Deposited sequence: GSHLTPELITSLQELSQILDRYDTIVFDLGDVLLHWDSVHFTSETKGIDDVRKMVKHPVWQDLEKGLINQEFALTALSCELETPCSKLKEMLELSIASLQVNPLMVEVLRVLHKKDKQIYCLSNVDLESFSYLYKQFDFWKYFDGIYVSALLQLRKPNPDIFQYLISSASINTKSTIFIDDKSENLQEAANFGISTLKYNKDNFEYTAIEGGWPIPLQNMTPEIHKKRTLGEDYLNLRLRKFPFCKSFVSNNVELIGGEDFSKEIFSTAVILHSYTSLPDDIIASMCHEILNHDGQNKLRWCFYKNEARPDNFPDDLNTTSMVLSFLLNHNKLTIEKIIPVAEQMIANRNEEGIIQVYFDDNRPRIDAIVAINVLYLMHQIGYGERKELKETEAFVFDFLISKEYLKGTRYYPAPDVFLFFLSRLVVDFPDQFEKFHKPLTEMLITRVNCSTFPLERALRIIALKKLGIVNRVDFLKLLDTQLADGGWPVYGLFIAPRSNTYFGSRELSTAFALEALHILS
């Protein structure tokens, strides 16, 4: 008998010794951390009765990979399974509503987290189910990274999903064990050198895997597109370190004209793309410091030559600039704190910090509130009680889903979620209640629009929150133009004239950040 022989495990003490030997543990969700009831007769007798007929149908694979959504999958299945779609939907909702944790295995996960193991979730789940599961259960915080088929356009047991996890997370397979109930997933993982642990009803099957042989994707294309985009952006900003911009009446800036007389794009690029060459940072920083419309560490959007009559300094440009200058050691907190105090003196009747340093131009904007809050927490103002109404404004904007209508100056919903994730992730103790609702919204928006900049925002925000969004990443590659830059995009607007501002530089900087953060 040449077949390897799994060591049977029947005592939690044994399980703990085995698991303690490994640096990295990979969990499945289904029937390891969760269980559910699949049988649901309804008020409708026609058709199937067991949700297992749906999840094992080939169409379910398209759902799992994010190619189709649940409405679409159920339409196809109502035909193939000769069952009214409204019954299929009812069956699926009831099954989903009946899911619970596996108490032993969630406790296992919590303990491995305490012991500072590296823990990853690798699972086939469709996108809307994943959203729901993320909100409903509370073991996600135990994971160092979450790899879900609907965000990957891959599914177990395809070898490519194991290869992508191993590469994405830099896994050393020799000290990695994989817990799953399906034998064909475990066999696929062992052939990558990962040791296996079969989760059975009353036992565990433990197979140590010496491994050692090397590992068999998109990676060559990726390196050339990254290089081509870098070269494109570096040439643009070495030639024009004052970031150019075009104005038009549509988000694609079709027929836009060169404007190039506002400092905010430059600040945005400094603030967001973390791999700029040092010489470009210096030249762009110089444009910030020497900008026309700086008055006593307050910044105006416009160069003086372009400033409309009576156009005030604004808190969005000032917050983002002060925050960048402080992070790069060009200003001290003690110089910034008096300007922050003027921001706190800029609240309106509801207590919300406003957009302009000008009592005759009252406005609020939830992204401007976010970036003001970011600066506040950065300088030590984080517990000033005068911030409470501004934070609640931001919180309700998220929870109410009002952000789906955009803000006054930023129409795209993902921009709000993106700048929010900077605050929620960089100051986690002060923003815990934002973490899950924010991550849940982002999950539901994976691949929901085609604009490269929007794609890139979702990639970066989700990855900073522990979740790998490979789908938006792939489609982001498809839209690089042949000179290596991405298309222009209108990131913000003058709302009364409906003028969009944007640049190829802005799109390309975020696209490269997204490519970098998943590398």
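Annotation: deposited residues 217-218 form the one stretch not represented by C-alpha coordinates in the model.
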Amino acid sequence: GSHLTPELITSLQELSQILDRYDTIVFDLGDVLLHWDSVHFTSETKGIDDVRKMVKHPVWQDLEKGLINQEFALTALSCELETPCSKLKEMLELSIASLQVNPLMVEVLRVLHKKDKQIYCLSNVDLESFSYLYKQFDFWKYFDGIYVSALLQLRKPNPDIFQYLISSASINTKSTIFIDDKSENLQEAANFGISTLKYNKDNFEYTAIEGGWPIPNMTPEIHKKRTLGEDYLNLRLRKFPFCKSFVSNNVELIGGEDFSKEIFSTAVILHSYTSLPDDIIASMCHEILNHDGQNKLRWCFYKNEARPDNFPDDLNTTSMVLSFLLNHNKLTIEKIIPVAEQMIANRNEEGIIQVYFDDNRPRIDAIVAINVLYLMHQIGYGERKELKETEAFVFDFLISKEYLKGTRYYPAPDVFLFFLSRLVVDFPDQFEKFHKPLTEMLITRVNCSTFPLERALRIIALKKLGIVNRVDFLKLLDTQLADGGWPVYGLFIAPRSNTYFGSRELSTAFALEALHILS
From here on, numbers count along this sequence of modelled residues.
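For the pair 464-472 and 32-40, the record assigns the higher mean C-alpha temperature factor to 32-40. Averaged over CA atoms, B-factors in the entry run higher in 194-202 than in the other of 316-324 and 194-202. Highest C-alpha temperature factor among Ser175, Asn124, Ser421, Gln100, as the PDB entry reports it: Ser175. When the C-alpha B factors of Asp138, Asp359, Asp414, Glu402 are read from the deposited coordinates, the top value falls at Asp359.
Among all modelled residues in its chain, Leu12 ranks in the highest third by Cα B-factor. Compared with the other modelled residues of the chain, the Cα B-factor recorded for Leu375 ranks in the lowest third. Among the modelled residues of the chain, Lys65 sits in the middle third by CA temperature factor in this PDB entry. Sort the chain's modelled residues by C-alpha temperature factor and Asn498 lands in the highest third, per the entry. Annotation for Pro157: C-alpha temperature factor in the middle third relative to the rest of the modelled chain, per the entry.
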